[PDB]
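**Student:** Show me how the following folds:
(2 chains)
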Amino acid sequence: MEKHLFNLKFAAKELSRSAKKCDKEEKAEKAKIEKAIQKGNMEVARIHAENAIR
Amino acid sequence: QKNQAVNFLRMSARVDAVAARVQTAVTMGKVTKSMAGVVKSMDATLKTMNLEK
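**Tutor:** Numbers count the residues shown, from 1 in each chain, chains lettered A, B, ... in the order given. The structure is reproduced below:
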């Protein structure tokens, strides 16, 4: 019975960690957008903006 | 010795003159490059800074 408890806690901490990554990537992606639109590129700026949002 | 003094000193004159104009040419060069620099950086910073924003 313990096995399932441990898998649930594991899945929880798992989801937290992955969420944390996606957030970190989000910030990095803002930065990357700024570098992008600094050139004047309106396409790369698009798909970067998009990936930031998602 | 004296006429050589004249001859050499004359060469010193003319060579000095070309030296001067070359000097002007180089400094002019520097000014041109650097000026191109400010026109460009200022331009690409004039594209995202364009007056409306």
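
**Student:** Up against chain B, what does chain A have?
**Tutor:** By the rule CB under 8 Å from any CB of the partner chain, the part of chain A lying against chain B is A:37-38, A:40. The way it works is simple: take the backbone N, C-alpha and C, and place the C-beta from them, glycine included.

**Student:** neighbours around residue B:22, how many?
**Tutor:** By the measure other CB atoms under 10 Å in any protein chain shown, the count of residues near residue B:22 is 10.

**Student:** so how far is residue B:16 from it?
**Tutor:** If you measure residue B:22 against residue B:16 using CB to CB, to the nearest Å, the figure is 11 Å.

**Student:** Provide a list of residues in contact with the residue of chain B found nearest chain A.
**Tutor:** Ranked by CB to the nearest CB, the top residue of chain B for proximity to chain A is residue B:47, at 5.7 Å. By CB atoms under 8 Å, 6 or more residues apart in numbering or on different chains, residue B:47 lies in contact with residue A:40.

**Student:** now it: how far from residue A:40?
**Tutor:** Distance, residue B:47 to residue A:40, by CB to CB: 6 Å.

**Student:** and chain B, which residues reach chain A?
**Tutor:** Within chain B, the positions near chain A by CB under 8 Å from any CB are B:44, B:47-48.

**Student:** tell me the phi and psi of the residue of chain A found nearest chain B?
**Tutor:** Relative to chain B, the nearest point of chain A is residue A:40 (5.7 Å; CB to the nearest CB). The phi and psi values for residue A:40, taken as degrees, to the nearest 10, are phi 110, psi 10.

**Student:** name the element the most centrally placed residue in chain A belongs to?
**Tutor:** The residue lying closest to the centre of chain A (CA atoms, centre = their mean) is residue A:22, at 2.0 Å. Using DSSP states H and E, the element containing residue A:22 is helix A:2-39.

**Student:** which strands and helices sit next to that helix?
**Tutor:** Contacting helix A:2-39 under the criterion 3 or more CB pairs under 8 Å, 6 or more residues apart in numbering or on different chains; DSSP states H and E are the following elements: helix A:44-53.
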